[PDB]
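The data below hold one chain only, encoded as structure tokens and taken in the form deposited in one PDB entry.
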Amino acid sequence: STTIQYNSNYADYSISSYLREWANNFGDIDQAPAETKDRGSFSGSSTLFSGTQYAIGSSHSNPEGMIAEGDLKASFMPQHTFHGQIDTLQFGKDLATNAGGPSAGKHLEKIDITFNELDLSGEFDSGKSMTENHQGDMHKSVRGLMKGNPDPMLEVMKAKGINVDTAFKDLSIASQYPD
């Protein structure tokens, strides 16, 4: 039931084509300095590590950013597993905080791509090991993007039957943002 909305500027792009460009400019978060490192923030919480929205900016002083929305949970130390369900995934640039500090959540100033009703799930089990907790679709695909790697997300999407090779122009589940 997933659909996609794209800026008219990325009509010649595909899901893979775009995400590879976004990730390479977002960069691997671990290779970044602690100086400029952004580990993302949760909002709609009462919580430091859960909320309805998760937004994170590039850790290499680049404009790229990402916003996930749904039922999101972070397990923190020692496993640090991102689990729950992502309904809406959005990519763009210039992450900006909403009026009311981080607590009001953040927004992207330039929206490129938006996945809707993606149904990106993942469970966490405290009794189980880290390795197996990291196999969840949600964690391994989002963590991959955080490490500037679009590949895990791309095979999760392909497993969902979503075409990641066709340009947004001719992709049936994708429509263009009115400019």
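Numbers for residues come from their place in the sequence shown, where the first is 1. By rigid core we mean the largest C-alpha set that fits within 1.5 Å across both forms.
- Relative to its counterpart among 73 to 81 and 89 to 97, 73 to 81 has the higher mean temperature factor, C-alpha atoms as listed in the PDB entry.
- Across the two stretches, 40 to 48 and 27 to 35, the PDB entry reports the greater mean Cα temperature factor for 40 to 48.
- For the set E132, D112, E64, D119, the PDB entry puts the maximum C-alpha B factor at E132.
- As recorded in the PDB entry, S126 shows the highest C-alpha B-factor of the residues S58, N149, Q53, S126.
- Among all modelled residues in this chain, the alpha-carbon of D170 has a temperature factor (C-alpha) in the highest third.
Unshown form deposited in another entry; subsequent notes refer to it.
- Core-based superposition between this form and the one not shown shows that, of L154, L118, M146, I67, only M146 has its Cα displaced by 2 Å or more.
- The Cα position of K169 differs by less than 2 Å between this form and the one not shown after fitting on the rigid core.
- Superposed on the core, the two forms differ at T81: its CA moves 2 Å or more between this form and the one not shown.
- Relative to the superposed rigid core, the position of the CA of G57 differs between this form and the one not shown by less than 2 Å.
- Cα of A174 to Cα of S16: at least 3 Å longer in that other deposited form than in the shown structure.
- Relative to this form, the distance between the C-alpha atoms of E117 and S75 is reduced by at least 3 angstroms in that other deposited form.
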